[PDB]
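Listed next as structure tokens is one chain, alone, in the form deposited in one PDB entry.
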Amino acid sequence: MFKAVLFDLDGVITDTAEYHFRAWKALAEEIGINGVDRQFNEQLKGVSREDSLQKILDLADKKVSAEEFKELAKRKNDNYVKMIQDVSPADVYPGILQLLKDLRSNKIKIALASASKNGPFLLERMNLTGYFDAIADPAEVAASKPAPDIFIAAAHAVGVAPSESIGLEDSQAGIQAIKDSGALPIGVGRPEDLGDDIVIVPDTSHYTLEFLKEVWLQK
């Protein structure tokens, strides 16, 4: 049986994406750039903060110094951090708390394998800290998803090899990272985004211990 489950955070445990969207809206409003709506936000999907900022400046063909650029990125992050103070246990996705409990009671290791710089904070706000054996620090990995570094770090932190683990992800790039770590991926979302060579569930309520066992055995 698998010995560990390696969890991505956004789109698996909870959604941060709305707070991000709203942080950018506020920044855009503050600096007087029209066009930062939900539709435009699609183009900020898994895009870095600096690249996202660039797309926003591009809406008004605005040019800035390196220092102004840096300051604007900082302000968006300040907004974001402010907005996430109200994350609560009610923002835990469906199925996830029960999975954590079942994994822990079956002595299966639990690790966070997220690029969120606010991982420990958000887990604490959702009252989930006690279930985690480890959080792989994204500041300490050389390369982000689709590189496997973060999943490898996560597995190692709980005393296992990636090959003894399941990885849970909502992004193609994350799925690819899990593959390359040697862990077994189970995606959540649709095959359009994720690929169709891996097991995928439609939402997180399908992530149960029973289902993960099913998948592990058939592999």
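Each form is matched to the other, and the largest set of C-alpha atoms that superpose within 1.5 Å is called the rigid core. From 1 onward, residues are counted along the sequence shown.
The form deposited in another entry exists for this protein as well; it is not shown, and the discussion that follows is about that form.
Relative to the superposed rigid core, does the CA atom of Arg190 travel 2 Å or more between this form and the one not shown?
No, shifts by less than 2 Å.
For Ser163, is the CA shift between this form and the one not shown at least 2 Å following rigid-core superposition?
Shift of 2 Å or more: no.
Does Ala173 shift between this form and the one not shown by 2 angstroms or more at the C-alpha, the core having been superposed?
Not so; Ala173 is displaced by less than 2 Å.
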